[PDB]
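Here's a solo chain for you in structure tokens, the form deposited in one PDB entry.
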């Protein structure tokens, strides 16, 4: 069964300079294959920590990731204005990749550009594009990740450099991930869209962490919006 990631708190209140720890629990063993992401108030998502404790480039040592088994934590010391954001944990141990619901913090070269979103009625269709630059697009795995209006992150699909495809169950047979390695574009053709497919759709780059199938999503595009409504 799917691994459920639980962030018990949805927001934590603190003062500048404080130390705060965000908890994240996995419903089963994930072999420390835990990633942390940061979403600024304007919606920008970046990779913060991967493999439980390894910092992404550009992330200061004020962020400490820790844990094992099913209990993991993100400790931020000397809280700064730039840390006011939402933090998501994500297991990369088995498919489907699953995210926690996020915990907000409140006070007391690589380019990815999405397009093709829009408004459709149920049963409609769209095709999303993701233009990549600043790296060798053909050697990297790529994914689509959507954020619902409830702010939940849901992995949609992944594609290897060679073209192998993987989907989350609820979109199988209704979306198709594909890539053009000459023009460096990632695609997602959507069909028979349902109201619950309404979300902001991000394309992400998969960086290999550990063989054979452990990846982090080290770079995120700004996203393109899909709205499916009967009105």
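Residue numbers count along the first chain shown, from 1.
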Deposited residues omitted from coordinates between residue 108 and residue 109, as a class: 10 or more
If you average the Cα B factors in the entry, which is higher, 4 to 12 or 222 to 230? 222 to 230
When the Cα temperature factors in the entry are averaged, is it 156 to 164 or 95 to 103 that ends up higher? 156 to 164
For the CA B factor values reported in this entry, which option in 59, 26, 170, 203 has the top one? 59
Of 44, 198, 53, 178, which one's C-alpha B factor is largest in the deposited record? 53
Among the chain's modelled residues, which third holds the C-alpha B-factor of residue 183? highest
Using the temperature factors of the C-alpha atoms in this entry, rank residue 137 within its chain: lowest, middle or highest third. highest
Lowest, middle or highest third - CA B-factor, residue 74: middle
Among all modelled residues of this chain, ranked by Cα B factor, put residue 68 in the bottom, middle or top third, i.e. lowest, middle or highest. middle
Going by the CA temperature factor in the PDB record, which third of the chain does residue 20 belong to: lowest, middle or highest? middle
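Note that the form deposited with a small molecule bound isn't included here; everything after this is about it.
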According to a 4.5 angstroms non-hydrogen atom cut-off, is residue 133 in contact with the small molecule in the deposited bound form? no
Within a 4.5 Å heavy atom cut-off, is residue 95 in contact with the small molecule in the deposited bound form? yes
Residue 67 within 4.5 Å of the small molecule in the deposited bound form, heavy atoms: no
Does the small molecule come within 4.5 Å of any heavy atom of residue 19 in the deposited bound form? no
Candidate spot 40, 46 and 88, all three touching the small molecule in the deposited bound form (heavy atom, 4.5 Å): no
With the partner removed from view, which of 185 to 193, 49 to 57, 22 to 30, 160 to 168 is the stretch that lies within 4.5 Å of the small molecule in the deposited bound form, judged by heavy atom distances? 160 to 168
The one option of 142, 120, 105, 79 with any heavy atom within 4.5 Å of the small molecule in the deposited bound form is 142
